[PDB]
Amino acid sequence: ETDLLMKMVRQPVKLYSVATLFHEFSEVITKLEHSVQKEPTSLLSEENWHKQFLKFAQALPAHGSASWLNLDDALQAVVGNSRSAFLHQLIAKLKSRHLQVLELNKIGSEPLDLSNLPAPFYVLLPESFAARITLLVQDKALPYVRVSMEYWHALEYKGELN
């Protein structure tokens, strides 16, 4: 919980509206599908799928985005015999959470006021693509924020009677 939060505190982050996050899932999934060659026969245990995902993620860009080529190059870091399985399993896992992000519109619609202003909802994620896709695929939680602001004038000294 607070480990996830500290992970976010220790790196450059990015604000996503629910729509923008849904769109990112659509883009990543479509690129990965372009890499599909033959369908898998065997299917990685979740134990081995985790080890392969590690290699895949270490080969992804830490730039803020990834082109199909970047994704396909990262697929190569995956042991060859397991590549097909890894890839179809990755797509299935992403397509399953892809549907789930739509449920954030519920939470994100609840009005909130902070510092006397309506505070909009935004998912909070790593700016780094490798760190971000790792979070979306394997973490149990997704962070988010309610955003507001404090005017500096309201931070000035306003007497001993508060």
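Residue indices: 1-based, along the sequence shown.
Trainee: Can you let me know which of the two, 86-94 or 73-81, has the higher average C-alpha B-factor in the entry?
Mentor: Averaged over C-alpha atoms, the B-factors run higher in 73-81.
Trainee: Mean C-alpha B-factor higher for 59-67, or for 111-119?
Mentor: The deposited B-factors put 111-119 ahead on the C-alpha mean.
Trainee: Just the C-alpha B-factor column, please: which of 44, 104, 131, 137 has the biggest number?
Mentor: Within the set 44, 104, 131, 137, 44 shows the top C-alpha B-factor.
Trainee: Could you place residue 33 in the lowest, middle or highest third of its chain by Cα temperature factor, using the values in the record?
Mentor: According to the entry, residue 33 has a C-alpha B-factor in the chain's middle third.
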